[PDB]
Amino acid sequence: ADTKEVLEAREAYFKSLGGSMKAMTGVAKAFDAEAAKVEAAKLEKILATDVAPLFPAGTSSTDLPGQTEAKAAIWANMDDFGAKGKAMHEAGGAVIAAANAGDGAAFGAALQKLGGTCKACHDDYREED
């Protein structure tokens, strides 16, 4: 697809994740198993997205100044970038299971683990200022 659509797709994917992280953070603060499962259901849908095809070479912030925050570095570290995405999917599965187990403590713990995967990747691959 055109750069405009992959950029569109990956932007929507990440916005959805951000909204999910935000909502689950609030649930973790005041655990309600029903709201957790609702959030987990949404996170599950989000994680079904194949994002590898969302980062084709030529879509870094240097190629498309201001259109994206993806750093050119991603393309010099695709194995690490994929690994970090993988870590997120795994952390996500744990958050989903904890929500479904109705386990508030595990949910909060898994959520910390998930947040960490977002940071681990952003630190090396997303544009700050």
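Numbers follow the displayed sequence, beginning with 1.
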So, looking at the entry's B-factor column for Cα atoms, which has the higher mean, 52-60 or 88-96? 52-60
If you average the CA temperature factors as listed in the entry, which stretch comes out higher, 110-118 or 5-13? 5-13
Specify which of 34, 103, 79, 44 carries the largest Cα B factor in the deposited PDB entry. 79
Binned into thirds over the chain's modelled residues, the C-alpha B-factor of residue 38 lands in the lowest
